[PDB]
Amino acid sequence: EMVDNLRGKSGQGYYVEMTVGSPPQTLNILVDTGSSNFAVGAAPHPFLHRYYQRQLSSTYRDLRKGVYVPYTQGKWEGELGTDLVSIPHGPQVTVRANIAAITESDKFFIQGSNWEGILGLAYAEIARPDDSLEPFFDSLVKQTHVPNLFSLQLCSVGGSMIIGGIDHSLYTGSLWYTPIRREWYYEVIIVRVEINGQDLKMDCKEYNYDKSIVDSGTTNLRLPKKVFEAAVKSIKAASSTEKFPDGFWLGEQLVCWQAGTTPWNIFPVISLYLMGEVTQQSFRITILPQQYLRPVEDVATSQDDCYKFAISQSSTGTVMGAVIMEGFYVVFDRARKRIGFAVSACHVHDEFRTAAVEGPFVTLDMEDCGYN
Ligand SMILES: C[C@H](NC[C@@H](O)[C@H](Cc1ccccc1)NC(=O)c1cccc(N(c2ccccc2)S(C)(=O)=O)c1)C(=O)NC1CCCCC1
């Protein structure tokens, strides 16, 4: 009953239905592995269809404390409290959880997104105001018998969030695991990057400067400057039969082709090798252009298919965002401090190339690829 419990619009996150309060108030909540605060619109906003009304909930408890949360995109402020929370198409349990009631925001809510709040699924270490504000998933595990694991299958769009377990119908082939380096973000280690099989040939610490994270709340694959610049050069080289404006590579401009004529084959596959569970072993996940060229739906441009380049630069480390997660089944195995990847039942592929999760690979160089 948890399969197909996510929806979304491209570039605007994936969301699950939740209820808050007594009697229950239904809200759509963005699933975010890149933060640790559960927060809901709690006052009118031009882009909110609905919001949390604390005065209607007899189970609301005010914590008499404000909270401010800034993201890489957007920010909000609100009032902390606790209330009863359910997930109608998740586990059939009700938990008392911390909730930030958003009273003011800036460039957070999105016009016509269909979500009204955000579920930070990462660890307390990055919760605001500090790590004493217990995250939702921690509360869920403590208060119920739910195993300490969830999985995401991100595929208008849809997918599944499976809480407490692994649904084998959502993937094919083998699950490969990479260790969670530190429990704050879902921090992982990239050991190697290839573009159409060609190694970028950097010290592997560069790939993880200053961390690498798995983040369902960020649209793009974001790369440290040095890595981003090297990747763009290699992708340009591979696709050099067509020349695109500089603005395209910066994500500031769309690239468009006559409907149905997108030249997928001129764009390369990107392979990210992730640290394995055994010394100097790794596995790779392979990303097709159908993943990193994000379609932008617009009826005005619909004689064409138009795309945004969804790889972008970062000054805060690698972010493996939604365009990386889509087409994989990603298991957040908190119990065993590891993240698993497998090929998803929902995958794009064309008749020539297929996204993959494969291994093992061995590396001679004994360098630790962690930045810190
Ligand atoms: C990086 C980490 N996780 C960010 C994530 O929590 C946040 C959630 C969110 C979802 C929907 C609307 C706003 C915010 N996602 C983003 O910040 C986000 C969302 C979409 C696109 C982008 N990208 C971006 C990057 C830089 C500048 C502008 C846009 S993109 C276009 O490259 O895909 C970012 C994070 O910041 N975690 C914080 C959580 C709170 C404590 C401090 C750490």
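Analysis parameters
- Residues numbered from 1 in each chain as written, not as in the entry; some residues may be left out.
- Heavy atoms only, no water.
- Residues with missing side-chain atoms left out of burial classes, pairs and counts.
- Helix = DSSP H or I, 4+ residues; strand = E, 2+ residues; numbered from the N terminus.
- Expected span 1.5 Å × (residues − 1).
- Buried < 20%, exposed > 50% of the residue type's maximum accessible area, 1.4 Å probe, protein only.
- Arc of directions from axis to C-beta.
- Pairing = 2+ DSSP bridges.
- Axes fitted to C-alpha atoms, helices over the stretch in contact; angles between N-to-C directions.
- Polar contact = N/O pair within 3.5 Å; in protein donor to acceptor, adjacent residues only side chain to side chain.
- Disulfide = S-S within 2.5 Å.
- UniProt positions renumbered as here; feature names shortened; annotations may be inferred.
- Contact = heavy atoms within 4.5 Å.

Method of structure determination, per the deposited record: X-ray crystallography was used for this entry, reaching 1.73 Å resolution.

(A) Structural detail: helix 2 (residues 225-238). Taking 1.5 Å as the rise per residue, helix 2 with 14 residues should run 20 Å; its terminal C-alpha atoms sit 20 Å apart, in good agreement. Buried residues of helix 2: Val227, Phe228, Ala231, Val232 and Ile235, and no others. Buried residues in helix 2, looked at end-on, bunch into an arc of 130°, giving them a common side. Seen from the open side of helix 2, the exposed residues pointing more than 90 degrees away from its buried face are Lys225, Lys233 and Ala237.

(B) Inspection of the sheet that holds strand 17 (residues 255-258) at higher detail. Ordered by their spatial adjacency, three strands build an open sheet running 17-21-20, and the pairing between neighbours is antiparallel. Only two strands of the sheet have a single partner each, and these edge strands are strand 17 and strand 20 (293-295). Strand-to-strand twist across the sheet, computed as the mean angle between neighbouring axes with direction ignored, equals 35°. Bridge count between strand 17 and strand 21 (residues 304-309): four bridges; the pairing is antiparallel. When the bridges of strand 21 are listed, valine 255 appears paired with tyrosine 307.

(C) Spotlight on the environment of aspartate 365. Summarising the element assignment, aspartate 365 is placed in the segment after strand 26 (356-362). Taking relative accessible area as the criterion, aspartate 365 reaches 48% and is therefore assigned partly exposed. At 3.1 Å, the side chain of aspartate 365 and the backbone nitrogen of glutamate 367 are in polar contact.

(D) Representation of unusual backbone geometry. The peptide bond linking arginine 128 to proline 129 adopts the cis configuration, its omega dihedral lying at 5°. Locating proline 129 in the fold gives a position in the loop between strand 8 (117-120) and helix 1 (136-143). At the junction of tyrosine 209 and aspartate 210, the peptide bond is cis and its omega measures out at 0° in the coordinates. Structurally, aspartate 210 can be placed in the loop between strand 14 (198-199) and strand 15 (212-214). Even without being a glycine, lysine 201 presents a positive backbone phi close to 60°. With respect to the helices and strands, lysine 201 occurs in the loop between strand 14 and strand 15. Phi is positive for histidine 349, which is not a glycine, with a value near 30°. Take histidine 349: it is sitting in the loop between strand 25 (338-344) and strand 26. Judged by relative accessible area, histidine 349 falls into the partly exposed class, the value being 38%.

(E) Quick peek at the UniProt feature "disulfide bond" in the protein chain. Sulfur atoms of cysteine 204 and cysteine 369, annotated by UniProt as disulfide partners, sit 2.1 Å apart, under the 2.5 Å cut-off for a formed bond. Of this pair, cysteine 204 sits in the loop between strand 14 and strand 15 while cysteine 369 sits in the segment after strand 26, and the two are 165 residues apart along the sequence.

(F) Region of the structure containing the state of the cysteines. Summed over the entire model, instances satisfying the criterion amount to three disulfides. Each disulfide pairs two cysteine sulfurs, and for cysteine 155 the partner residue is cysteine 346, the sulfurs being separated by 2.1 Å. A torsion of -90° about the S-S bond marks the disulfide between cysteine 155 and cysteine 346 as left-handed. The partner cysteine of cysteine 204 in its disulfide is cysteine 369, sulfur to sulfur 2.1 Å. One quick way to see it: the torsion about the S-S bond of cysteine 204 and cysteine 369 is about -85°, and its sign makes the bridge left-handed. Owing to a relative accessible area of 8%, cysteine 204 belongs among the buried residues under this scheme.

(G) The sheet that holds strand 12 (residues 187-188), seen in detail. Strand order in this open sheet of five strands is 12-15-23-16-22, and the pairing throughout is mixed. Sheet topology places strand 12 and strand 22 (311-314) at the edges, where each strand pairs with a single neighbour. Note: strand 12 against strand 15, two bridges, orientation antiparallel. Bridge pairing in strand 15 places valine 188 opposite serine 212. Helix 2 contacts strand 16 (221-224) and strand 22 of the sheet and is inclined by roughly 115° relative to strand 16.

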